[PDB]
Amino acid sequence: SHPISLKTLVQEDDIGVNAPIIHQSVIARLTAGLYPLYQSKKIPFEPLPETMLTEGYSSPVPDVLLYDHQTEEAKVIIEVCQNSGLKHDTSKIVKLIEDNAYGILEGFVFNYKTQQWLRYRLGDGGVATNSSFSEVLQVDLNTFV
């Protein structure tokens, strides 16, 4: 199990200067947790951290994405809040999914301070819900953090 829980890291971050470390730790946790499912062929998409969707200056760069090498598209994206709001950042992922540019089917936002998750699925009319379950991957993403 994790040598240091997210709860402990958050409890110890009195001045808030550890936020970047905690954020990258979540990225590490998700990437490391998902990777063996990919290598074992349980999931078809490669987990990739901090990967640009395009070469544009303004390209989105999701904290974690699930990449389909065959179609050259990200199918699931995960954003970890960092000194930012869960709700705010979710309104952002919804637009990314509903504008249909990138082939993204599902998105998540995780607030590491409260360990709360929001999910959005393409086709859900712009309304997000409180879920950590990926229907694309068939896994509970909260299990990895």
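Residue positions are given as counts along the sequence shown, with the first one as 1.
Higher mean CA temperature factor between 74-82 and 54-62: 54-62, per the PDB entry. Looking at mean Cα B-factors across 92-100 and 106-114, the upper value is held by 92-100. In the PDB entry, a CA B factor belonging to the lowest third of its chain's modelled residues is recorded for residue 24.
Residue 17: CA B factor lies in the highest third for its chain, per the PDB record.
Remark: residue 44 belongs to the highest third of its chain, ranked by C-alpha B-factor as recorded.
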